[PDB]
$ cat entry25.cif   # mmCIF, C-alpha atoms and all ligand atoms
data_start
loop_
_atom_site.label_atom_id
_atom_site.label_comp_id
_atom_site.auth_asym_id
_atom_site.auth_seq_id
_atom_site.Cartn_x
_atom_site.Cartn_y
_atom_site.Cartn_z
CA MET C 1 -193.29 -32.79 115.43
CA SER C 2 -195.15 -36.16 115.22
CA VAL C 3 -196.04 -39.19 117.42
CA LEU C 4 -194.20 -42.33 116.32
CA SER C 5 -195.38 -45.91 116.79
CA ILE C 6 -193.71 -47.80 119.69
CA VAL C 7 -191.96 -51.07 118.95
CA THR C 8 -193.04 -53.72 121.47
CA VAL C 9 -191.72 -57.13 122.55
CA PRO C 10 -190.97 -59.67 121.17
CA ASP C 11 -190.02 -57.59 118.10
CA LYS C 12 -186.34 -58.42 117.49
CA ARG C 13 -185.47 -54.81 116.67
CA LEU C 14 -185.46 -54.23 120.42
CA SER C 15 -182.60 -56.70 120.91
CA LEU C 16 -180.29 -55.07 118.33
CA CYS C 17 -177.53 -52.69 119.61
CA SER C 18 -177.84 -49.07 118.36
CA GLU C 19 -175.04 -47.29 116.46
CA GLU C 20 -173.24 -44.08 117.44
CA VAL C 21 -174.59 -40.90 115.86
CA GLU C 22 -171.96 -39.54 113.45
CA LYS C 23 -173.08 -35.97 113.48
CA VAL C 24 -175.91 -34.16 115.34
CA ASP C 25 -177.55 -32.43 112.40
CA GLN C 26 -181.00 -31.30 111.29
CA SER C 27 -182.22 -34.87 110.69
CA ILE C 28 -181.19 -35.93 114.24
CA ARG C 29 -182.89 -32.87 115.79
CA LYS C 30 -186.11 -33.71 113.86
CA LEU C 31 -186.02 -37.28 115.23
CA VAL C 32 -185.34 -35.98 118.76
CA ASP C 33 -188.37 -33.65 118.38
CA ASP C 34 -190.57 -36.57 117.37
CA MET C 35 -189.14 -38.61 120.28
CA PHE C 36 -190.12 -35.95 122.82
CA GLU C 37 -193.68 -35.80 121.38
CA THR C 38 -193.96 -39.60 121.41
CA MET C 39 -192.64 -39.79 124.97
CA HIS C 40 -195.27 -37.24 126.10
CA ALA C 41 -198.13 -38.87 124.20
CA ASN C 42 -197.30 -42.13 125.95
CA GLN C 43 -196.93 -40.66 129.45
CA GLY C 44 -193.27 -41.75 129.61
CA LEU C 45 -190.30 -40.53 131.62
CA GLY C 46 -187.91 -41.29 128.74
CA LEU C 47 -187.62 -42.95 125.34
CA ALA C 48 -184.90 -44.55 123.25
CA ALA C 49 -184.64 -44.23 119.48
CA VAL C 50 -184.84 -48.02 118.99
CA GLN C 51 -188.32 -47.96 120.53
CA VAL C 52 -189.42 -45.92 117.51
CA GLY C 53 -187.61 -48.11 114.98
CA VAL C 54 -184.35 -46.15 114.71
CA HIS C 55 -181.14 -47.94 115.80
CA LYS C 56 -179.13 -44.89 116.78
CA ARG C 57 -177.70 -44.02 120.22
CA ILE C 58 -180.21 -41.31 121.10
CA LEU C 59 -182.46 -41.10 124.14
CA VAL C 60 -184.69 -38.38 125.63
CA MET C 61 -185.84 -37.92 129.22
CA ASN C 62 -188.00 -35.69 131.34
CA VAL C 63 -188.45 -36.57 134.98
CA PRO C 64 -190.68 -34.11 136.81
CA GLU C 65 -189.92 -32.79 140.34
CA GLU C 66 -192.60 -35.33 141.48
CA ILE C 80 -175.37 -36.44 146.98
CA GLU C 81 -174.17 -32.84 146.34
CA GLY C 82 -173.89 -32.27 142.58
CA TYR C 83 -176.39 -34.96 141.48
CA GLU C 84 -179.90 -34.30 140.24
CA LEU C 85 -183.01 -36.18 141.37
CA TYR C 86 -185.16 -34.97 138.53
CA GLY C 87 -185.02 -32.76 135.48
CA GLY C 88 -185.22 -32.21 131.78
CA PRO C 89 -186.07 -32.12 129.02
CA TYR C 90 -182.80 -33.96 128.22
CA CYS C 91 -181.54 -34.90 124.79
CA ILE C 92 -178.79 -37.45 125.35
CA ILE C 93 -176.84 -38.61 122.27
CA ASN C 94 -173.92 -41.03 122.26
CA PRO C 95 -173.97 -41.53 126.02
CA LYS C 96 -170.85 -42.82 127.77
CA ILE C 97 -170.99 -43.81 131.46
CA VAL C 98 -168.17 -41.97 133.32
CA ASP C 99 -169.08 -42.91 136.94
CA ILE C 100 -171.51 -45.30 138.53
CA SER C 101 -172.33 -46.02 142.18
CA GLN C 102 -171.60 -49.34 143.72
CA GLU C 103 -174.72 -48.96 145.86
CA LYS C 104 -177.85 -50.26 144.25
CA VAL C 105 -181.55 -49.86 144.85
CA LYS C 106 -184.71 -51.80 143.96
CA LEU C 107 -187.42 -49.78 142.14
CA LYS C 108 -190.52 -50.67 140.16
CA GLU C 109 -190.25 -50.24 136.38
CA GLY C 110 -192.42 -50.50 133.35
CA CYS C 111 -191.58 -49.93 129.71
CA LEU C 112 -193.43 -48.63 126.69
CA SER C 113 -192.15 -51.66 124.73
CA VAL C 114 -193.67 -54.07 127.30
CA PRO C 115 -197.04 -52.42 127.76
CA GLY C 116 -198.93 -53.07 131.00
CA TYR C 117 -196.21 -55.14 132.69
CA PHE C 118 -194.41 -53.83 135.78
CA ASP C 119 -191.71 -55.46 137.91
CA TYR C 120 -188.87 -54.75 140.28
CA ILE C 121 -185.33 -54.11 139.10
CA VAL C 122 -182.16 -53.58 141.06
CA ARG C 123 -179.80 -50.93 139.59
CA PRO C 124 -177.09 -48.51 140.77
CA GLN C 125 -178.56 -45.54 142.61
CA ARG C 126 -176.38 -42.86 140.96
CA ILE C 127 -174.70 -42.43 137.57
CA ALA C 128 -172.71 -39.83 135.63
CA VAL C 129 -172.94 -39.87 131.83
CA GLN C 130 -171.16 -37.90 129.18
CA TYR C 131 -173.17 -37.13 126.05
CA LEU C 132 -173.85 -34.84 123.14
CA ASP C 133 -176.86 -32.56 123.45
CA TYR C 134 -179.43 -31.33 120.88
CA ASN C 135 -176.79 -28.88 119.51
CA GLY C 136 -173.99 -31.46 119.42
CA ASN C 137 -172.27 -29.97 122.45
CA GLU C 138 -170.44 -32.07 125.02
CA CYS C 139 -172.19 -32.42 128.39
CA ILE C 140 -172.25 -34.47 131.60
CA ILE C 141 -175.34 -35.44 133.56
CA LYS C 142 -174.98 -36.45 137.23
CA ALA C 143 -178.17 -38.25 138.14
CA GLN C 144 -179.66 -39.98 141.16
CA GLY C 145 -183.12 -41.17 142.23
CA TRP C 146 -185.64 -41.52 139.41
CA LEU C 147 -183.45 -39.56 137.00
CA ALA C 148 -180.64 -42.10 137.30
CA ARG C 149 -183.14 -44.92 137.12
CA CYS C 150 -184.65 -43.66 133.87
CA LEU C 151 -181.26 -42.97 132.33
CA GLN C 152 -180.06 -46.52 132.95
CA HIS C 153 -183.30 -48.02 131.57
CA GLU C 154 -182.86 -45.90 128.41
CA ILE C 155 -179.14 -46.74 128.03
CA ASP C 156 -180.01 -50.45 128.25
CA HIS C 157 -182.35 -50.04 125.25
CA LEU C 158 -179.44 -48.61 123.21
CA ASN C 159 -177.55 -51.84 123.96
CA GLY C 160 -180.46 -54.05 122.92
CA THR C 161 -181.68 -54.75 126.44
CA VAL C 162 -185.24 -54.62 127.73
CA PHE C 163 -185.83 -54.69 131.52
CA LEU C 164 -187.26 -58.22 131.31
CA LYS C 165 -183.67 -59.35 130.93
CA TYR C 166 -183.22 -58.76 134.69
CA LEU C 167 -186.14 -61.05 135.63
CA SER C 168 -186.49 -64.76 136.00
CA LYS C 169 -187.04 -66.58 132.68
CA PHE C 170 -190.51 -67.66 133.88
CA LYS C 171 -191.60 -64.04 134.58
CA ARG C 172 -189.98 -62.68 131.39
CA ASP C 173 -191.92 -65.30 129.37
CA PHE C 174 -195.12 -64.47 131.24
CA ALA C 175 -194.68 -60.75 130.43
CA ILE C 176 -193.94 -61.44 126.71
CA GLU C 177 -196.97 -63.82 126.46
CA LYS C 178 -199.08 -61.07 128.12
CA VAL C 179 -198.07 -58.53 125.48
CA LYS C 180 -198.41 -61.10 122.63
CA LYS C 181 -201.95 -62.00 123.73
CA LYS C 182 -202.94 -58.31 123.86
CA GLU C 183 -201.58 -57.82 120.26
CA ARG C 184 -202.88 -61.08 118.64
CA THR C 185 -205.11 -60.13 115.64
CA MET S 1 -200.27 -69.36 173.58
CA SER S 2 -196.85 -67.71 172.89
CA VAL S 3 -195.03 -65.71 170.15
CA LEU S 4 -192.21 -67.72 168.57
CA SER S 5 -189.06 -66.31 166.97
CA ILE S 6 -189.09 -66.23 163.13
CA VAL S 7 -186.31 -67.98 161.26
CA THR S 8 -184.92 -65.67 158.56
CA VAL S 9 -182.74 -66.13 155.47
CA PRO S 10 -180.08 -67.35 154.89
CA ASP S 11 -180.70 -69.80 157.77
CA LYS S 12 -180.50 -73.26 156.15
CA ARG S 13 -183.45 -74.57 158.16
CA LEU S 14 -185.64 -72.73 155.67
CA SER S 15 -184.35 -74.86 152.79
CA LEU S 16 -185.09 -78.22 154.47
CA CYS S 17 -188.33 -80.08 153.46
CA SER S 18 -190.83 -80.58 156.33
CA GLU S 19 -192.12 -84.03 157.36
CA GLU S 20 -195.73 -85.24 157.43
CA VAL S 21 -197.48 -85.00 160.79
CA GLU S 22 -198.14 -88.53 162.06
CA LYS S 23 -201.01 -87.70 164.33
CA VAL S 24 -202.80 -84.40 165.12
CA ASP S 25 -202.62 -84.52 168.91
CA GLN S 26 -202.35 -82.13 171.84
CA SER S 27 -198.73 -81.22 171.06
CA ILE S 28 -199.63 -80.30 167.44
CA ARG S 29 -202.62 -78.18 168.58
CA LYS S 30 -200.32 -76.32 171.04
CA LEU S 31 -197.86 -75.56 168.20
CA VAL S 32 -200.72 -74.45 165.94
CA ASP S 33 -201.92 -72.12 168.74
CA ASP S 34 -198.46 -70.58 169.02
CA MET S 35 -198.31 -70.29 165.21
CA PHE S 36 -201.55 -68.29 165.09
CA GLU S 37 -200.26 -65.93 167.84
CA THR S 38 -196.93 -65.51 166.05
CA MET S 39 -198.65 -64.87 162.72
CA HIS S 40 -200.80 -62.14 164.34
CA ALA S 41 -197.92 -60.54 166.23
CA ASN S 42 -196.05 -60.25 162.93
CA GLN S 43 -198.99 -58.88 160.91
CA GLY S 44 -198.91 -61.93 158.59
CA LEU S 45 -201.51 -63.56 156.37
CA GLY S 46 -200.07 -67.03 157.05
CA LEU S 47 -197.17 -68.90 158.61
CA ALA S 48 -195.42 -72.23 158.14
CA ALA S 49 -194.05 -74.34 160.98
CA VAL S 50 -190.51 -74.25 159.54
CA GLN S 51 -190.51 -70.47 160.00
CA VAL S 52 -190.67 -71.11 163.75
CA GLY S 53 -188.03 -73.85 163.71
CA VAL S 54 -190.31 -76.89 163.42
CA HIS S 55 -189.94 -79.05 160.28
CA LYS S 56 -193.46 -80.44 160.16
CA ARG S 57 -196.07 -80.00 157.41
CA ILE S 58 -198.28 -77.50 159.23
CA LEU S 59 -199.34 -74.04 158.10
CA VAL S 60 -201.88 -71.49 159.35
CA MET S 61 -203.65 -68.72 157.44
CA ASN S 62 -206.07 -65.89 157.95
CA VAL S 63 -206.86 -63.65 155.02
CA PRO S 64 -209.33 -60.92 155.90
CA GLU S 65 -212.22 -59.87 153.60
CA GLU S 66 -209.96 -56.88 152.70
CA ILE S 80 -215.20 -69.01 140.31
CA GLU S 81 -218.29 -70.52 142.03
CA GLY S 82 -217.15 -72.67 144.97
CA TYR S 83 -213.79 -70.93 145.58
CA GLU S 84 -213.04 -68.53 148.40
CA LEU S 85 -211.25 -65.20 148.03
CA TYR S 86 -210.55 -64.81 151.71
CA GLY S 87 -211.12 -66.54 155.00
CA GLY S 88 -209.89 -68.23 158.11
CA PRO S 89 -208.53 -68.87 160.58
CA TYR S 90 -207.29 -72.03 158.79
CA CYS S 91 -205.20 -74.79 160.29
CA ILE S 92 -203.84 -76.78 157.36
CA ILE S 93 -201.87 -79.95 158.19
CA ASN S 94 -200.40 -82.38 155.68
CA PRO S 95 -201.65 -80.44 152.66
CA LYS S 96 -202.00 -82.22 149.32
CA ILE S 97 -202.77 -80.22 146.16
CA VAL S 98 -205.81 -81.82 144.42
CA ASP S 99 -206.43 -79.18 141.69
CA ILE S 100 -204.55 -76.18 140.41
CA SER S 101 -205.40 -73.63 137.72
CA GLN S 102 -203.37 -73.35 134.60
CA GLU S 103 -204.00 -69.60 134.61
CA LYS S 104 -201.47 -67.63 136.56
CA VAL S 105 -201.28 -64.14 137.98
CA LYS S 106 -198.52 -61.76 139.10
CA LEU S 107 -198.86 -60.41 142.67
CA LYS S 108 -196.53 -58.68 145.10
CA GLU S 109 -195.26 -60.81 147.99
CA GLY S 110 -193.20 -60.43 151.08
CA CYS S 111 -192.23 -63.00 153.68
CA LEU S 112 -191.59 -62.95 157.41
CA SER S 113 -188.36 -64.90 156.77
CA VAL S 114 -187.11 -62.20 154.35
CA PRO S 115 -188.02 -59.13 156.36
CA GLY S 116 -188.50 -55.86 154.48
CA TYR S 117 -188.06 -57.28 150.97
CA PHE S 118 -190.98 -57.35 148.53
CA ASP S 119 -191.11 -58.56 144.92
CA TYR S 120 -193.41 -59.87 142.23
CA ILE S 121 -194.20 -63.55 141.83
CA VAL S 122 -196.22 -65.35 139.22
CA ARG S 123 -198.36 -68.24 140.55
CA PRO S 124 -201.57 -70.10 139.67
CA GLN S 125 -204.66 -68.03 140.44
CA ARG S 126 -206.71 -70.86 142.02
CA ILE S 127 -205.92 -74.02 143.99
CA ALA S 128 -207.73 -76.82 145.82
CA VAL S 129 -205.92 -78.52 148.72
CA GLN S 130 -206.83 -81.46 150.86
CA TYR S 131 -205.65 -81.31 154.48
CA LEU S 132 -206.17 -82.27 158.07
CA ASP S 133 -207.64 -79.61 160.34
CA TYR S 134 -206.99 -78.72 164.01
CA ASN S 135 -209.07 -81.78 165.06
CA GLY S 136 -207.39 -84.14 162.58
CA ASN S 137 -210.42 -84.19 160.30
CA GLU S 138 -210.16 -84.41 156.52
CA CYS S 139 -211.00 -81.20 154.64
CA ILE S 140 -210.65 -79.46 151.28
CA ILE S 141 -210.03 -75.77 150.73
CA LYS S 142 -210.88 -74.21 147.35
CA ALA S 143 -209.04 -70.91 147.21
CA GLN S 144 -208.59 -68.05 144.78
CA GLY S 145 -207.28 -64.46 144.96
CA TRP S 146 -205.17 -63.67 148.01
CA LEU S 147 -206.26 -66.85 149.78
CA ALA S 148 -204.80 -69.02 147.03
CA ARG S 149 -201.73 -66.83 146.88
CA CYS S 150 -201.03 -67.20 150.60
CA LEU S 151 -201.67 -70.93 150.56
CA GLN S 152 -199.13 -71.50 147.79
CA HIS S 153 -196.52 -69.32 149.52
CA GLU S 154 -197.02 -71.36 152.73
CA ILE S 155 -196.93 -74.74 150.91
CA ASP S 156 -193.63 -73.71 149.29
CA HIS S 157 -192.12 -73.20 152.77
CA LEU S 158 -193.07 -76.81 153.69
CA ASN S 159 -191.01 -77.92 150.67
CA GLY S 160 -188.01 -75.83 151.65
CA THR S 161 -188.72 -72.99 149.24
CA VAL S 162 -188.65 -69.27 149.96
CA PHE S 163 -190.17 -66.87 147.39
CA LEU S 164 -186.70 -65.59 146.42
CA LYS S 165 -186.33 -68.83 144.52
CA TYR S 166 -188.64 -67.37 141.83
CA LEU S 167 -186.45 -64.28 141.31
CA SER S 168 -183.32 -63.64 139.35
CA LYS S 169 -180.13 -64.73 141.14
CA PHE S 170 -178.99 -61.08 141.28
CA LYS S 171 -182.21 -59.95 143.06
CA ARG S 172 -182.29 -63.00 145.37
CA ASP S 173 -178.70 -62.21 146.44
CA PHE S 174 -179.56 -58.54 146.91
CA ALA S 175 -182.51 -59.48 149.16
CA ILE S 176 -180.40 -61.95 151.24
CA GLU S 177 -177.57 -59.35 151.61
CA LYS S 178 -180.24 -56.81 152.70
CA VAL S 179 -181.47 -59.11 155.46
CA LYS S 180 -177.89 -60.13 156.45
CA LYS S 181 -176.84 -56.47 156.78
CA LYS S 182 -179.88 -55.71 158.96
CA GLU S 183 -178.97 -58.69 161.26
CA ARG S 184 -175.14 -58.24 161.43
CA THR S 185 -174.14 -57.85 165.13
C1 LIG P 201 -188.46 -46.09 135.67
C2 LIG P 201 -187.47 -46.54 134.63
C3 LIG P 201 -187.84 -46.30 133.16
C4 LIG P 201 -188.76 -45.15 132.85
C5 LIG P 201 -188.96 -45.04 131.31
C6 LIG P 201 -190.18 -45.77 130.79
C7 LIG P 201 -190.42 -45.48 129.29
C8 LIG P 201 -189.64 -46.42 128.43
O1 LIG P 201 -189.96 -47.60 128.12
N1 LIG P 201 -188.46 -45.95 128.07
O2 LIG P 201 -187.60 -46.82 127.47
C9 LIG P 201 -191.35 -45.27 131.54
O3 LIG P 201 -191.70 -44.10 131.43
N2 LIG P 201 -191.96 -46.16 132.32
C10 LIG P 201 -193.01 -45.77 133.27
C11 LIG P 201 -192.59 -46.22 134.66
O4 LIG P 201 -191.94 -47.25 134.77
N3 LIG P 201 -192.85 -45.44 135.74
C12 LIG P 201 -193.54 -44.12 135.72
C13 LIG P 201 -193.69 -43.71 137.18
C14 LIG P 201 -192.67 -44.54 137.94
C15 LIG P 201 -192.43 -45.80 137.11
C16 LIG P 201 -193.23 -46.98 137.64
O5 LIG P 201 -192.76 -47.30 138.96
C17 LIG P 201 -194.40 -46.24 132.84
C18 LIG P 201 -194.91 -45.41 131.66
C19 LIG P 201 -194.44 -47.70 132.39
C1 LIG P 202 -198.92 -62.89 149.77
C2 LIG P 202 -198.28 -64.25 149.87
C3 LIG P 202 -197.74 -64.67 151.25
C4 LIG P 202 -198.39 -64.08 152.47
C5 LIG P 202 -197.75 -64.68 153.75
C6 LIG P 202 -196.62 -63.85 154.33
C7 LIG P 202 -196.15 -64.40 155.68
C8 LIG P 202 -195.11 -65.46 155.51
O1 LIG P 202 -193.89 -65.29 155.29
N1 LIG P 202 -195.61 -66.68 155.48
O2 LIG P 202 -194.78 -67.68 155.10
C9 LIG P 202 -197.14 -62.48 154.55
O3 LIG P 202 -198.03 -62.28 155.37
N2 LIG P 202 -196.59 -61.53 153.80
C10 LIG P 202 -197.13 -60.16 153.76
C11 LIG P 202 -197.45 -59.81 152.31
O4 LIG P 202 -196.75 -60.28 151.43
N3 LIG P 202 -198.56 -59.08 152.03
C12 LIG P 202 -199.54 -58.56 153.01
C13 LIG P 202 -200.52 -57.71 152.20
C14 LIG P 202 -200.37 -58.19 150.76
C15 LIG P 202 -198.95 -58.75 150.65
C16 LIG P 202 -198.01 -57.74 150.03
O5 LIG P 202 -198.42 -57.48 148.67
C17 LIG P 202 -196.23 -59.15 154.48
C18 LIG P 202 -196.31 -59.33 155.99
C19 LIG P 202 -194.75 -59.27 154.10
CL CL P 203 -199.15 -58.72 134.94
CL CL P 204 -185.34 -53.46 148.84
CL CL P 205 -187.29 -61.60 139.04
ZN ZN P 206 -188.30 -48.89 128.07
ZN ZN P 207 -193.10 -66.70 153.94
#

$ encode --input "entry25.cif" --output "structure tokens"
Amino acid sequence: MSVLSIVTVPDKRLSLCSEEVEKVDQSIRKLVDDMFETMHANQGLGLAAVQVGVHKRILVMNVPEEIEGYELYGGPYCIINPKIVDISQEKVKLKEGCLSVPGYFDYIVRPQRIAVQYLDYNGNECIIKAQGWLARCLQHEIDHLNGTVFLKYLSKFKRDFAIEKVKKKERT
Amino acid sequence: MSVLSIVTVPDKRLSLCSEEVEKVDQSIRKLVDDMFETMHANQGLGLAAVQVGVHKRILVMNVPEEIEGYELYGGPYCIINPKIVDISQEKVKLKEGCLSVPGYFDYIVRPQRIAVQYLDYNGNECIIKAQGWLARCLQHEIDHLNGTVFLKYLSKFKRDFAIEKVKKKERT
């Protein structure tokens, strides 16, 4: 299991929608394994396949301990072909960063709770009922699968400032 | 010297531009005195006259200790009829709240350094050269004089969320 390079803004791969996984087979499991290693090496709570250059609907999460039926933390989760099955109308503001926008943090308003159907590492059907930071991570990761980085939720001026910040740090 | 009530969003008084002070006289000094007391009672770093219902170009600041020629902190400052005379092209992201949007904090990008000409408590001409939190406060206060609250710099979705948050807290 190996550490993959993270794709960072403004790389256009990050704005491309990822495709459903046809079949959860050995090759998918190998990628998931590399995703977990990469997530850990980067001190992340989650990671989407697109962030390592693969446009497939696969994300991993692990949210450490620090509504009945919902989880505040947990993992490791392998979440393939996620489908949102319930989502709270109540929303909360929390601070986020992203491995694809290194060093930049800002506030984002999202639903507090979410339920998602998915296929696991073995290709079995599952539901996750998440709240708190678990729900927050899951939504951030699902957005990546749809070609969305969290800067999309900010003013244009701040989004541009964040992208210029990352560009300046990567200029050769 | 008395504590004045703070005008909060979405009160439309906060979106009205304030008028130049004609003359810094006893009545202006009395208002400034009440502004300092109100600022302190509310644990603020600054305050604009519009926030206490008076549409005049007067702000106060006091930024405690915690470029050559620029100050990182200081006060108490009485700043009347401010005019920006220099402003840095470099900008910085810092977290702000506002007494007129109670309980809501977010990130704002602003110039790091500013120089402002103004009239003081005695009606004498002065310049302030500010950086760090002093410059940050001064710009936040100047915005109020122009009818601008810091939510203006946010996404519409987050601005609306903040205003609904304050409205819900004030609903009778
Ligand atoms: C919170 C919503 C998203 C979490 C997932 C991201 C990782 C990522 O970009 N996944 O796509 C992360 O770990 N971000 C971290 C992050 O945002 N954290 C970690 C602690 C809490 C929160 C910052 O408030 C750091 C590494 C930037
Ligand atoms: C920082 C830019 C503006 C400072 C002035 C405001 C007060 C205000 O609304 N003036 O118009 C303030 O004191 N805000 C505080 C504030 O934003 N602070 C105080 C410590 C640092 C910073 C939060 O990061 C709290 C009381 C909400
Ligand atoms: Cl920053
Ligand atoms: Cl909030
Ligand atoms: Cl924003
Ligand atoms: Zn991310
Ligand atoms: Zn304010």

$ atom_distance --input "entry25.cif" --atom1 "atom CA of residue 116 of chain S" --atom2 "atom CA of residue 62 of chain S"
20.5 Å

$ closest_residue --input "entry25.cif" --among "C:2, C:135, C:159, C:130" --to "ligand LIG 201 (chain P)" --atoms "all atoms listed in the file"
C:159

$ interface_residues --input "entry25.cif" --of "chain S" --to "chain C" --cutoff "7 Å" --atoms "only C-alpha atoms" --output "list in words"
residues 119, 120, 122, 166, 167, 168 and 171 of chain S

$ write_last_selection --input "entry25.cif" --atoms "C-alpha atoms" --output "PDB file, keeping the file's coordinate frame"
ATOM      1  CA  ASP S 119    -191.110 -58.560 144.920  1.00  0.00           C
ATOM      2  CA  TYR S 120    -193.410 -59.870 142.230  1.00  0.00           C
ATOM      3  CA  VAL S 122    -196.220 -65.350 139.220  1.00  0.00           C
ATOM      4  CA  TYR S 166    -188.640 -67.370 141.830  1.00  0.00           C
ATOM      5  CA  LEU S 167    -186.450 -64.280 141.310  1.00  0.00           C
ATOM      6  CA  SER S 168    -183.320 -63.640 139.350  1.00  0.00           C
ATOM      7  CA  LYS S 171    -182.210 -59.950 143.060  1.00  0.00           C
TER       8      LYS S 171
END

$ residues_around --input "entry25.cif" --residues "residue 137 of chain C" --least-positions-apart "3" --cutoff "10 Å" --atoms "only C-alpha atoms" --output "VMD selection string"
chain C and resid 24 93 131 to 134

$ residues_around --input "entry25.cif" --residues "segment 27-32 of chain S" --least-positions-apart "6" --cutoff "8 Å" --atoms "all atoms listed in the file" --output "list in words"
residues 1, 58, 59, 60, 91 and 134 of chain S

$ atom_distance --input "entry25.cif" --atom1 "atom CA of residue 25 of chain S" --atom2 "atom CA of residue 49 of chain S"
15.5 Å

$ axis_aligned_box --input "entry25.cif" --around "segment 63-92 of chain C" --padding-each-side "8 Å" --output "AutoDock Vina command-line options"
--center_x -183.2 --center_y -34.8 --center_z 135.9 --size_x 34.7 --size_y 21.3 --size_z 38.2

$ residues_near_ligand --input "entry25.cif" --ligand "ligand ZN 207 (chain P)" --cutoff "6 Å" --atoms "only C-alpha atoms and all ligand atoms" --output "PyMOL selection string"
chain S and resi 111-113

$ atom_distance --input "entry25.cif" --atom1 "atom CA of residue 22 of chain S" --atom2 "atom CA of residue 155 of chain S"
17.8 Å

$ closest_residue --input "entry25.cif" --among "C:156, C:84, C:37, C:183" --to "ligand LIG 201 (chain P)" --atoms "only C-alpha atoms and all ligand atoms"
C:156

$ closest_residue --input "entry25.cif" --among "C:6, C:179, C:100, C:164" --to "ligand CL 205 (chain P)" --atoms "all atoms listed in the file"
C:164

$ residues_near_ligand --input "entry25.cif" --ligand "ligand LIG 202 (chain P)" --cutoff "8 Å" --atoms "all atoms listed in the file" --output "number ranges by chain"
S: 39, 42-48, 51, 107-118, 146, 149-154, 157

$ closest_residue --input "entry25.cif" --among "S:3, S:163, S:9, S:16" --to "residue 178 of chain S" --atoms "all atoms listed in the file"
S:9

$ residues_around --input "entry25.cif" --residues "residue 129 of chain C" --least-positions-apart "2" --cutoff "7 Å" --atoms "only C-alpha atoms" --output "PDB file with C-alpha atoms, in the coordinates of the input"
ATOM      1  CA  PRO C  95    -173.970 -41.530 126.020  1.00  0.00           C
ATOM      2  CA  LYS C  96    -170.850 -42.820 127.770  1.00  0.00           C
ATOM      3  CA  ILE C  97    -170.990 -43.810 131.460  1.00  0.00           C
ATOM      4  CA  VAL C  98    -168.170 -41.970 133.320  1.00  0.00           C
ATOM      5  CA  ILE C 127    -174.700 -42.430 137.570  1.00  0.00           C
ATOM      6  CA  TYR C 131    -173.170 -37.130 126.050  1.00  0.00           C
ATOM      7  CA  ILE C 140    -172.250 -34.470 131.600  1.00  0.00           C
ATOM      8  CA  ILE C 141    -175.340 -35.440 133.560  1.00  0.00           C
ATOM      9  CA  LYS C 142    -174.980 -36.450 137.230  1.00  0.00           C
TER      10      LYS C 142
END

$ build_atoms --input "entry25.cif" --residues "segment 18-26 of chain C" --atoms "N, CA, C and O atoms" --output "mmCIF file, in the coordinates of the input"
data_model
loop_
_atom_site.group_PDB
_atom_site.id
_atom_site.type_symbol
_atom_site.label_atom_id
_atom_site.label_comp_id
_atom_site.auth_asym_id
_atom_site.auth_seq_id
_atom_site.Cartn_x
_atom_site.Cartn_y
_atom_site.Cartn_z
ATOM 1 N N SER C 18 -177.774 -50.283 119.190
ATOM 2 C CA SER C 18 -177.840 -49.070 118.360
ATOM 3 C C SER C 18 -176.474 -48.491 118.085
ATOM 4 O O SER C 18 -175.573 -48.674 118.884
ATOM 5 N N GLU C 19 -176.334 -47.800 116.951
ATOM 6 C CA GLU C 19 -175.040 -47.290 116.460
ATOM 7 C C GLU C 19 -174.826 -45.869 116.919
ATOM 8 O O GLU C 19 -175.773 -45.124 116.940
ATOM 9 N N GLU C 20 -173.584 -45.496 117.197
ATOM 10 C CA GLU C 20 -173.240 -44.080 117.440
ATOM 11 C C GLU C 20 -173.767 -43.176 116.336
ATOM 12 O O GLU C 20 -173.718 -43.527 115.118
ATOM 13 N N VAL C 21 -174.248 -42.008 116.761
ATOM 14 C CA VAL C 21 -174.590 -40.900 115.860
ATOM 15 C C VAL C 21 -173.289 -40.262 115.345
ATOM 16 O O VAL C 21 -172.412 -39.931 116.122
ATOM 17 N N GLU C 22 -173.169 -40.124 114.033
ATOM 18 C CA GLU C 22 -171.960 -39.540 113.450
ATOM 19 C C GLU C 22 -171.872 -38.060 113.681
ATOM 20 O O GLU C 22 -170.778 -37.536 113.914
ATOM 21 N N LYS C 23 -173.007 -37.384 113.490
ATOM 22 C CA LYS C 23 -173.080 -35.970 113.480
ATOM 23 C C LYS C 23 -174.496 -35.572 113.922
ATOM 24 O O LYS C 23 -175.456 -36.132 113.431
ATOM 25 N N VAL C 24 -174.601 -34.623 114.844
ATOM 26 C CA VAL C 24 -175.910 -34.160 115.340
ATOM 27 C C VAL C 24 -176.323 -33.036 114.385
ATOM 28 O O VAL C 24 -175.912 -31.895 114.531
ATOM 29 N N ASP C 25 -177.112 -33.392 113.391
ATOM 30 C CA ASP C 25 -177.550 -32.430 112.400
ATOM 31 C C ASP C 25 -179.074 -32.246 112.373
ATOM 32 O O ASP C 25 -179.769 -32.627 113.286
ATOM 33 N N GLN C 26 -179.579 -31.582 111.331
ATOM 34 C CA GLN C 26 -181.000 -31.300 111.290
ATOM 35 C C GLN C 26 -181.853 -32.572 111.388
ATOM 36 O O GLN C 26 -182.874 -32.590 112.071
#
